[PDB]
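Student: Mind looking over this structure? Questions follow.
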Amino acid sequence: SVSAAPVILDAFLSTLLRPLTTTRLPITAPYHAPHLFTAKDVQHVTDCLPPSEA
Amino acid sequence: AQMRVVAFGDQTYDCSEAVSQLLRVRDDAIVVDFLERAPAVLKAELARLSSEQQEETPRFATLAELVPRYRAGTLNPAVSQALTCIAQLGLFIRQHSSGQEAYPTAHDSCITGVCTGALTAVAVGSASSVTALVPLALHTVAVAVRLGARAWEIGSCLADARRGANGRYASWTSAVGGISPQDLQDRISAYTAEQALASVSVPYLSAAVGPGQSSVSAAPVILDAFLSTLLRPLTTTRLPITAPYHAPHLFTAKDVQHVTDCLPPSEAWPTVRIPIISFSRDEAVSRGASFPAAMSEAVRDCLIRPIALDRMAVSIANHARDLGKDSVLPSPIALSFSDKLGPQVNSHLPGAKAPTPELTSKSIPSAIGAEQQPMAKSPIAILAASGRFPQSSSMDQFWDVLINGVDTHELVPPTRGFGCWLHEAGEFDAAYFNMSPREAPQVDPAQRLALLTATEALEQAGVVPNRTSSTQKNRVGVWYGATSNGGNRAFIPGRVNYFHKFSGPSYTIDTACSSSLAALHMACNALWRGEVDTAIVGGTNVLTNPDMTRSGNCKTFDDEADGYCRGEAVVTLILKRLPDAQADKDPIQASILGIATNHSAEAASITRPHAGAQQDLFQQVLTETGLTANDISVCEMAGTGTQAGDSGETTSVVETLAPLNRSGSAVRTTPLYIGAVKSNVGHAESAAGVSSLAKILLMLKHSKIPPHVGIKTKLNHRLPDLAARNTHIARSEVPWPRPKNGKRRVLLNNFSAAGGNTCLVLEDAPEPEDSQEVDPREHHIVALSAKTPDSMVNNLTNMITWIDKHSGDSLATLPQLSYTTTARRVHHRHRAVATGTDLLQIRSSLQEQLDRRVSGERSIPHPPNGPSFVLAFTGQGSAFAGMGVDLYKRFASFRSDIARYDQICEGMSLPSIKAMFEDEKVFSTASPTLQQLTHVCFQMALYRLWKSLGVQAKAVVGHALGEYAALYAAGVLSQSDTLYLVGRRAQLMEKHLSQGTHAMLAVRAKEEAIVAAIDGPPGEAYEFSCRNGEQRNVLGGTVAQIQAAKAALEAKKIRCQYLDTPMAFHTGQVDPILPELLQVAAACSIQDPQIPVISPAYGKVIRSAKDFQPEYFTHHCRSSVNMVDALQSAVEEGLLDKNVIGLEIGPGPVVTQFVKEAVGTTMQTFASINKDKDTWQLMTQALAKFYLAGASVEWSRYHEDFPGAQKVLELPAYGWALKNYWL
Amino acid sequence: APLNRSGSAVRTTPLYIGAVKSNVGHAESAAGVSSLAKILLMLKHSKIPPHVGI
Amino acid sequence: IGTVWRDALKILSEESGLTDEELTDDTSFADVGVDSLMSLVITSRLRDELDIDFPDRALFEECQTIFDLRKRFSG
């Protein structure tokens, strides 16, 4: 699976020849991007859980 | 090395408190589901009983109606057993569902029961989870009811009731202490031998509680006869067991089959897996038998065997040592006298019972939002209430007339015996409501007054349509009462819905007499259903035809008069679920914990209620809410003007809230007071209930109790002096403080003669949260509005009077005023604004404005859609030390944007820019690349912030670095693309160039003079880097060329100023980077603009993506910045005009000056930042001008980051232009 | 009545329509209950009545 | 149905690489090697060209041979 912004993604897919079939999936945002997100992001998203010990 | 034993109790343990507490529970799905389903099976199995048994069973709808009978003791065994089993199962389910206790397991647990619980032990001993136990629980309930019915029937066959039965059921068992079991049995044998009794009537041992105590059961009269023989020291007590069980001479296997018949055969019955420890049987350990088999054996224990309680502890100890453990933890459920059980079992094991009496049970915090208890039966909140009243015009005047204790009865004004009639009958502000000035009389006074009061109530509640997810345009129902008299009164809620734009349910209910009260009841019902999130309620009773005809309305605390003293009221309230109102920060005034009613079918003479029904209703309501009568402080009466009611109901109400001790004393500890709003204002036929609600709310707000205008003569013969029963009436004000850390609850009830007896309980508002955070804002904005010049004048004068009366309240009030008057009102056409730092500044400004308006100056509305703004982005020539770090501190959106941009720059290997907005000190040592990146980042962040406030650009313009920020505002580029372009261009020009080789010079003179005053043609000696304006131009080049030009120009007496820019854009310096810049440029994703871009690079307005090819960036970076021609083209194109409002996004008004010069000296300009002016004075000035122009600013987002100023004050009502209409 | 994307009759069984308005008029308050009464009679007699209004 | 079904057959032949005459009733998607991703792409191509309301999983869920797909397209 390959993901990017829709315009650049379409640009890249156009250079895939015939025996390289392709489709589109219903994903509306980028995930699994080590170059886009950092530990600060995971801290922010998971920060809704109050701290406790049980 | 520890085991937990689960034990269940027999019928001795009272289960009235447990059942009620379980009924109270609402935060556990399983418990509520089981408690709802149990009544169904109870009624189902109860319908299969013999005719006689069914005849003697009370009719009920749910369990709430059974507990009173259980307490009274007039409840037959058949349903008593089922209720007991229901209580045990519900308690266990609650313990193991909301108590988060692991379900018992065969590894380290065992179960036991006695005489009822052996039924429950198998049910609990089969399922492995609470969910898997509910069907088995209901099956066990059915089995228990059938067993109780069978036992009751056999008992009835053996002996009948007595003539003094009085409903109560006699007892069949008695515990005996002071004699050994075998000796007592021998005594009974001797007794029967002495007499001659049938083998089915002799007394027998039911249980052997121990060597020192035992139990014996028999028929009632036979039981008493035998007890008479038992002398001292033997002591006897009568247990509350109603039928003979444990009788091996009255039942046989056939009855066991009959009881078990309710379980259909099948192969899916779960096998019992958790060991059951029983003692009456021979083998004391049970496991493996199918559910029907274990159930039948339990029934046999409950019906045929005598329970040998004395051996219970030994059995548990035996099982414990069989497993190999050395201690047992008792967990008794509904087991009477359970404390002694603990040590009794422990004494038979090794004495190593480690205390360890600790159970960490700190609940995990609940997910935000879900913490609130499911919408079912949540407290209701009364946000605000407004309404006219006789001899008054609002709530405040109503309170004033109340406290003085003055009767409102008066002679009818000629404009329309005496009566309590509104002084001003019908006056309307037709202009505000978009109606013909002459068609107002067609609409009757009731609709007009309802509309006025509803508008006032909504305004006072700080509710604006479509601002919060709970005040939508389609989640606001309207319930209205109807009196006895679409474009008529039937559509009053329709008119409210249409004008105030609410698109929600509307109704005009009226049952017989409590039309408004029933409407409120159903409004709360709908709110609890979730149909709507807000509700406007409150009926009206204004008369239309005088029809005045004896000469008396109502005597002081008596019924000698014949009239009812009817009155008028147009009260209207708002309603929200308390969690929502709390989450929205509204002025919660009170609450409605619970409401219930009946119809009082029984009647005395024509239409009367009954004391028993009233007592039942009061007990019911006090139970569902879960509060005792000792905490109800005041109660109010609706009344009907009848004879027996208005007097005797007083004794009826105290019957429950203050019953008399049997010995003779005051049950209540705190004094109770009663009142009747229909004593001064009079009876509001269709609105008396809502008028009384308004009176209660006023009492709560002012924290007093009104002197009574009633009792002044000898007390009525039907109303005994209540002073003895901790109750009385007050002749004067009696302070009623809010108890510290406590709450003051009130119970309002209506006694309409028709039969309705609706009642509800109020509850003071939750402790008002004390905001601590201070408001960092120094300058604040106060806004007003109206729909007519006279209305605006009235509003301004009312606000001026209000401010003068709170000039010395506190320093932290002005932010509250700004928030309430800007973000919690609907802004009409006629606008007015004042801004300042303190209350006195605002007051003086408003006073001057009102003086100007009253001098004779007219009032003009604003344009229809508001003004159009042309943004402006500055180049990198005015940055200073602290670039709005205050914005980075006080605004969450700005901070998030800057953090995001810093992260993205770090992603591209660009310098971080967070330091620039935090320390305020690194500006002195910032690299040019960091400088430009910070400039562009700040531009984008400020533009986004401003757009959030509600300003939509009509055109854009930048100056040689705001172009990149300008494009994004137009939508041509994405933020990442702009940042990448700016950063990479900076890197390229830093890498390939030498610092300080070129420079730039600014000259204030015409181009012709500049060319004529310097030797050498432009282009080789000097170049016009940017054409700024008519008389403003800037030049750039090499050091030698620039110094020569400076010498030539200054020698001509033309002042010229060096520019500190170490680099020089639009010069020969930028020549050697164009290839790489183009290469980087092509990689971006250009897009069609969403709005025109006033591009100075090409000197033409651009409205297509074809002009933004990757070569456009090279041309912009190389070619000069022609600004005058582009601005002239925009002016002639009609894009710009003398009416649009310029707005600079950047450090200081430099571009806006150019625009104003090139468009007209009368154009308005605003700068969002300045070197020597705190940003907020500029912000408030700009927002005030936008507002007064006619814009629609998003105020709610202007205050969202300042919790200190989030509180709705109580501003004076809207200044209606009162015009008289009556026909 | 869905319309096929290619264009055809997708709703297999006929979907009759009727209105009591023409037969007896309009009550403005009892129209709903009168219509429901007509539905009950149609269900009992299992017969869609002829339409009037041509 | 005939024209739409024949266009569908052309799409299937294109995706699977087989020929129209080969996609007969008896043939099974397993033998054709119509993989699950292949089913998704075929469904997308069908709903894009012939504009049919075919869910992405009916091909895999219901159609084990060409005959079942033919029946589904019969409508």
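Each chain in the structure tokens gets a letter, A, B and so on, in the order shown; residues start at 1 in every chain, and ligands are counted from 1 in the order they appear.
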Which residues of chain A have any atom within 12 Å of an atom in chain B when counting only C-alpha atoms, and what is the closest pair of atoms for each, with the distance in Å to one decimal? Order the rows by chain and rising number and write it as a Markdown table.
Tutor:
| residue | atom | partner | partner_atom | distance |
| --- | --- | --- | --- | --- |
| A:5 | CA | B:1085 | CA | 10.3 |
| A:6 | CA | B:1085 | CA | 10.8 |
| A:7 | CA | B:1085 | CA | 7.9 |
| A:8 | CA | B:1085 | CA | 8.2 |
| A:9 | CA | B:1085 | CA | 11.8 |
| A:11 | CA | B:1085 | CA | 11.0 |
| A:33 | CA | B:907 | CA | 11.3 |
| A:34 | CA | B:907 | CA | 10.0 |
| A:35 | CA | B:907 | CA | 6.5 |
| A:36 | CA | B:907 | CA | 6.9 |
| A:37 | CA | B:903 | CA | 8.6 |
| A:38 | CA | B:903 | CA | 8.7 |
| A:39 | CA | B:903 | CA | 11.3 |
| A:40 | CA | B:903 | CA | 9.6 |
| A:41 | CA | B:903 | CA | 10.2 |
| A:44 | CA | B:896 | CA | 11.4 |
| A:48 | CA | B:368 | CA | 8.5 |
| A:49 | CA | B:367 | CA | 7.9 |
| A:50 | CA | B:365 | CA | 6.9 |
| A:51 | CA | B:365 | CA | 8.8 |
| A:52 | CA | B:364 | CA | 7.6 |
| A:53 | CA | B:364 | CA | 8.8 |
| A:54 | CA | B:364 | CA | 6.8 |
Student: Output the selection as a PDB file, in the first residue's frame - N, CA and C atoms for each residue.
Tutor:
ATOM      1  N   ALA A   5      -0.406  12.683  -0.385  1.00  0.00           N
ATOM      2  CA  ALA A   5      -1.463  13.636  -0.666  1.00  0.00           C
ATOM      3  C   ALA A   5      -2.113  13.302  -2.008  1.00  0.00           C
ATOM      4  N   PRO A   6      -3.419  13.546  -2.148  1.00  0.00           N
ATOM      5  CA  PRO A   6      -4.133  13.006  -3.319  1.00  0.00           C
ATOM      6  C   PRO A   6      -3.528  13.411  -4.651  1.00  0.00           C
ATOM      7  N   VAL A   7      -3.089  14.660  -4.795  1.00  0.00           N
ATOM      8  CA  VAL A   7      -2.592  15.119  -6.089  1.00  0.00           C
ATOM      9  C   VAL A   7      -1.266  14.449  -6.421  1.00  0.00           C
ATOM     10  N   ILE A   8      -0.315  14.491  -5.486  1.00  0.00           N
ATOM     11  CA  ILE A   8       0.976  13.855  -5.729  1.00  0.00           C
ATOM     12  C   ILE A   8       0.808  12.346  -5.843  1.00  0.00           C
ATOM     13  N   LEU A   9      -0.111  11.774  -5.065  1.00  0.00           N
ATOM     14  CA  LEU A   9      -0.358  10.340  -5.158  1.00  0.00           C
ATOM     15  C   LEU A   9      -0.838   9.966  -6.554  1.00  0.00           C
ATOM     16  N   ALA A  11      -0.294  11.649  -9.235  1.00  0.00           N
ATOM     17  CA  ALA A  11       0.836  11.853 -10.134  1.00  0.00           C
ATOM     18  C   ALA A  11       1.760  10.644 -10.135  1.00  0.00           C
ATOM     19  N   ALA A  33       3.537   7.330   9.107  1.00  0.00           N
ATOM     20  CA  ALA A  33       4.482   8.254   8.487  1.00  0.00           C
ATOM     21  C   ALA A  33       5.529   8.638   9.522  1.00  0.00           C
ATOM     22  N   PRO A  34       6.646   7.913   9.598  1.00  0.00           N
ATOM     23  CA  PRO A  34       7.691   8.294  10.559  1.00  0.00           C
ATOM     24  C   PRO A  34       8.232   9.692  10.334  1.00  0.00           C
ATOM     25  N   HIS A  35       8.105  10.235   9.126  1.00  0.00           N
ATOM     26  CA  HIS A  35       8.626  11.556   8.803  1.00  0.00           C
ATOM     27  C   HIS A  35       7.609  12.671   9.018  1.00  0.00           C
ATOM     28  N   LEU A  36       6.378  12.344   9.410  1.00  0.00           N
ATOM     29  CA  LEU A  36       5.348  13.343   9.659  1.00  0.00           C
ATOM     30  C   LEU A  36       5.009  13.518  11.127  1.00  0.00           C
ATOM     31  N   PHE A  37       5.062  12.452  11.918  1.00  0.00           N
ATOM     32  CA  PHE A  37       4.644  12.482  13.310  1.00  0.00           C
ATOM     33  C   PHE A  37       5.824  12.157  14.213  1.00  0.00           C
ATOM     34  N   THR A  38       5.771  12.673  15.440  1.00  0.00           N
ATOM     35  CA  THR A  38       6.829  12.476  16.420  1.00  0.00           C
ATOM     36  C   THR A  38       6.196  12.146  17.765  1.00  0.00           C
ATOM     37  N   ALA A  39       7.049  11.873  18.756  1.00  0.00           N
ATOM     38  CA  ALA A  39       6.551  11.483  20.070  1.00  0.00           C
ATOM     39  C   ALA A  39       5.593  12.519  20.639  1.00  0.00           C
ATOM     40  N   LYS A  40       5.786  13.793  20.298  1.00  0.00           N
ATOM     41  CA  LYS A  40       4.864  14.817  20.773  1.00  0.00           C
ATOM     42  C   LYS A  40       3.440  14.510  20.331  1.00  0.00           C
ATOM     43  N   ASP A  41       3.275  14.010  19.107  1.00  0.00           N
ATOM     44  CA  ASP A  41       1.939  13.710  18.604  1.00  0.00           C
ATOM     45  C   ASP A  41       1.285  12.595  19.412  1.00  0.00           C
ATOM     46  N   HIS A  44       0.220  13.887  22.690  1.00  0.00           N
ATOM     47  CA  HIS A  44      -0.971  14.723  22.616  1.00  0.00           C
ATOM     48  C   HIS A  44      -2.229  13.875  22.493  1.00  0.00           C
ATOM     49  N   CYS A  48      -5.639  12.418  26.790  1.00  0.00           N
ATOM     50  CA  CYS A  48      -6.978  12.526  27.353  1.00  0.00           C
ATOM     51  C   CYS A  48      -7.183  11.623  28.560  1.00  0.00           C
ATOM     52  N   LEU A  49      -6.395  10.561  28.694  1.00  0.00           N
ATOM     53  CA  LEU A  49      -6.539   9.655  29.825  1.00  0.00           C
ATOM     54  C   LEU A  49      -5.980  10.314  31.081  1.00  0.00           C
ATOM     55  N   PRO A  50      -6.785  10.527  32.121  1.00  0.00           N
ATOM     56  CA  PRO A  50      -6.241  11.098  33.344  1.00  0.00           C
ATOM     57  C   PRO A  50      -5.227  10.156  33.965  1.00  0.00           C
ATOM     58  N   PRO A  51      -4.240  10.690  34.681  1.00  0.00           N
ATOM     59  CA  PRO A  51      -3.240   9.820  35.306  1.00  0.00           C
ATOM     60  C   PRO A  51      -3.755   9.232  36.610  1.00  0.00           C
ATOM     61  N   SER A  52      -3.397   7.979  36.853  1.00  0.00           N
ATOM     62  CA  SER A  52      -3.799   7.268  38.064  1.00  0.00           C
ATOM     63  C   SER A  52      -2.949   6.006  38.164  1.00  0.00           C
ATOM     64  N   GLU A  53      -3.263   5.158  39.146  1.00  0.00           N
ATOM     65  CA  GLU A  53      -2.455   3.982  39.438  1.00  0.00           C
ATOM     66  C   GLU A  53      -3.224   2.671  39.433  1.00  0.00           C
ATOM     67  N   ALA A  54      -4.550   2.692  39.295  1.00  0.00           N
ATOM     68  CA  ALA A  54      -5.330   1.466  39.207  1.00  0.00           C
ATOM     69  C   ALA A  54      -5.807   1.183  37.788  1.00  0.00           C
TER      70      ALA A  54
END
Student: For chain D, work out the contacting residues on chain C at 10 Å, counting only C-alpha atoms, and write them as a ChimeraX atom specification.
Tutor: /C:4-6,10
Student: Would you mind listing what lies within 12 Å of residue 29 in chain D as a VMD selection string, with only C-alpha atoms counted and same-chain residues fewer than 6 positions away left out?
Tutor: chain D and resid 12 16 18 23 35 to 36 38 to 39 42 59 to 69
Student: With C-alpha atoms kept, could you save the residues just selected as a short mmCIF file (atom, residue, chain, number, x, y, z; two decimals), in the first residue's frame?
Tutor:
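The result, stored in part04.cif:
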data_model
loop_
_atom_site.label_atom_id
_atom_site.label_comp_id
_atom_site.auth_asym_id
_atom_site.auth_seq_id
_atom_site.Cartn_x
_atom_site.Cartn_y
_atom_site.Cartn_z
CA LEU D 12 -13.29 -9.21 -16.48
CA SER D 16 -7.91 -11.50 -15.39
CA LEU D 18 -8.32 -14.21 -20.12
CA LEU D 23 -15.16 -16.76 -19.02
CA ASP D 35 -7.89 -12.43 -5.98
CA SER D 36 -9.62 -10.43 -3.29
CA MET D 38 -8.73 -8.34 -7.84
CA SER D 39 -12.39 -8.48 -6.81
CA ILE D 42 -13.14 -5.43 -10.80
CA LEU D 59 -18.34 -10.49 -6.16
CA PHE D 60 -16.37 -12.36 -3.49
CA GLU D 61 -19.32 -12.99 -1.15
CA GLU D 62 -21.89 -14.26 -3.66
CA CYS D 63 -20.07 -15.02 -6.93
CA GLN D 64 -18.03 -18.24 -6.78
CA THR D 65 -18.40 -18.88 -10.53
CA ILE D 66 -19.20 -16.77 -13.58
CA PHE D 67 -22.83 -17.96 -13.58
CA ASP D 68 -23.56 -16.42 -10.18
CA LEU D 69 -22.11 -13.10 -11.33
#
Student: Looking only at the backbone, which of the residues in range 233-340 of chain B does DSSP tag as strand (DSSP E or B), as a list in words?
Tutor: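 In range 233-340 of chain B, DSSP puts these residues in strand (DSSP E or B): residues 235, 236, 237, 238, 276, 277, 285, 286, 307, 328, 329, 330, 331, 332 and 333 of chain B.
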Student: May I have the selected residues written with C-alpha atoms, as a compact mmCIF listing (two decimals), in the first residue's frame?
Tutor:
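selection-v2.txt, written as the output of this step:
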# COMPACT_ATOMS: atom_id res chain seq x y z
CA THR B 235 -37.89 -16.64 75.69
CA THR B 236 -40.05 -16.60 72.56
CA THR B 237 -40.28 -14.21 69.62
CA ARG B 238 -42.53 -14.09 66.56
CA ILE B 276 -22.76 -24.97 46.84
CA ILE B 277 -22.35 -25.67 50.56
CA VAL B 285 -21.17 -30.35 48.84
CA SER B 286 -23.14 -30.02 45.60
CA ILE B 307 -32.81 -26.47 58.14
CA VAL B 328 -12.73 -17.51 55.06
CA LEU B 329 -13.98 -14.04 54.17
CA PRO B 330 -17.75 -13.73 54.72
CA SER B 331 -19.63 -11.78 52.05
CA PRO B 332 -23.21 -11.98 53.31
CA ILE B 333 -25.99 -10.66 51.08
Student: Run DSSP on the backbone and give me the residues of range 366-414 of chain B it puts in alpha helix (DSSP H), as a VMD selection string.
Tutor: chain B and resid 395 to 403
